[PDB]
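As a starting point, one isolated chain is supplied in structure tokens, in the form deposited in one PDB entry.
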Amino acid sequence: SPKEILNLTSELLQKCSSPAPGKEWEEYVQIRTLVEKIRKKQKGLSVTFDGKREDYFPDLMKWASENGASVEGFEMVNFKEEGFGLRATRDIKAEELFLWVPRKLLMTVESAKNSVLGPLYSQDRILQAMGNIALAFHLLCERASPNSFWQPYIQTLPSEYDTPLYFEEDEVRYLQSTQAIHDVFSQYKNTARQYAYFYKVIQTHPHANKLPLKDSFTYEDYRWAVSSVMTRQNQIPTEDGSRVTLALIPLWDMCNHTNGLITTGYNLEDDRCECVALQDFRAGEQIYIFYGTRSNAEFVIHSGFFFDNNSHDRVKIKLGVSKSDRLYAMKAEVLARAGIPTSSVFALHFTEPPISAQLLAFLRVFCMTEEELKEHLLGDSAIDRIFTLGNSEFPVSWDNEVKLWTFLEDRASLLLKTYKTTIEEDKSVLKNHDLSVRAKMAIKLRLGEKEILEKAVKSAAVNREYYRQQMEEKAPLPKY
């Protein structure tokens, strides 16, 4: 019944528009219950295709070929580990330009603007503010349009993903007490709110009348659409080069991820995405790219996978100067002069050094004495001292270093104590239980947070001892 669904989406909209609530897990399960009740009453994806997704890869190649893309030297293969990807059919040398996609093939915020979505786009404040959501509805509308220019692309996309939107409740439960689970909560709530909001908007807006979505628009549709966008979308320049926009990039976006550097760039002159080989690829070898320097929390939540030995992995750490601090005003002014907020969320990194220049600078100011602060505020050398604040080669004093690394060691240790399991229990779960891909993603993610924190504890302890040695031996302070 259309009336019951309208009733349920109004309840879902209400529920998912209330502010953030130790009630976040309860709220999440409450929203899940509503979403699953809606999902079980709907018919899955509004549009499904008769063939297997590989049945449509020849159409993808022919379409891309006719519009100027590279279609020789690789084939599509379903790999067990990464899913479908590209495999070399000839030897491809590192730095060879082997893959290119002209703009005509892309789905962009601009092509969304000029599509059947156009009228709703010009009127809806969310679509105008958020190109990622616009891209998601663009994909849905074209998916439900049998003569869309982009059907060869849409028919070769996956039908499901491993973003946490597809996790079972017990798979997300593994993440209780972590940092990442709050971003899992937010993604689920955002997505449920967006589905209910746009469901009602499509029913009430004249601009939506010609959209296929007006006759069918399921929660499954929206979960698929946003998961397609978050696991594949890209920032590229506009045609004029004057702005950035969001885009889906056919054919090239089939490359799976490995460690390395970004080797894909936009060529404005010839108006196409260009990819040079990240490494040598022998015939028979999967062609990989490096997606970008994201954390494993970002790979799980937004890309749907956990990358082992992600050398850019990190966790968040919130720090600020407290207004109870007797030196608050001085510290806040030094931070301001260094371009650093008095409170923010920093990162702790898996690769040494565990902290960035900005975080080192914050921690030095955080632990400065009044005399040290005065030297960063007054006189002909103050600006020089601000300039080196993020430079580990130029400490403010040995005492300042000992204090800040002591603080970091204790804080990272304190954070380790807030997890419901230890690192060793996590390894034991992974060794002794037989788990799904999704459950393994969750347990590896919670293990990775703790391992980053433990590495930060050891690193700060080592730094504390190094700087305490310089202090006891009255080493001469480096000068800038």
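Only the largest set of C-alpha atoms that superpose within 1.5 Å between the two forms is called the rigid core. All residue numbers refer to positions in the sequence shown, first residue = 1.
Where coordinates are absent for parts of the deposited sequence, a chain break appears; between neighbours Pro21 and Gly22 it spans 1 to 3 residues. Judged by mean Cα B factor in the deposited record, 266-274 ranks above the other of 94-102 and 266-274.
The stretch with the higher mean CA B factor, choosing between 356-364 and 198-206, is 198-206.
Across the residues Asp313, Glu110, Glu168, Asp221, the deposited record lists the maximum Cα B factor for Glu110. The entry assigns its greatest Cα B factor, within the set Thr406, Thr293, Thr89, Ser122, to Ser122. Split the chain's modelled residues into thirds by C-alpha temperature factor. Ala456 is in the lowest one. Ranked by C-alpha B-factor against the other modelled residues of its chain, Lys52 falls in the highest third.
Ranked against the other modelled residues of its chain, the C-alpha B-factor of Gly390 as given in the entry falls in the middle third. Per the deposited record, the Cα B-factor of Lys440 falls in the lowest third when ranked against the other modelled residues of its chain.
Looking at the C-alpha B-factors along this chain, the one for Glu26 belongs to the highest third.
We do not show the form deposited in another entry, though everything after this point is about it.
The residue among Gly292, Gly241, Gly284, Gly379 whose Cα moves by 2 angstroms or more between the shown form and the other one, once the core is superposed, is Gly379. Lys214 is not among the residues whose C-alpha shifts by 2 Å or more between the shown form and the other one once the rigid core is aligned; its shift stays under 2 Å.
After superposing the rigid core, the Cα of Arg90 is displaced by less than 2 Å between the shown form and the other one. In the core-superposed comparison between the shown form and the other one, the C-alpha atom of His433 has shifted by at least 2 angstroms. Relative to this form, in the other form the C-alpha atoms of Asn432 and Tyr161 approach one another by 3 angstroms or more. Relative to what is shown, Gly260 and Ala88 are closer in the other form; their C-alpha atoms differ in spacing by at least 3 Å.
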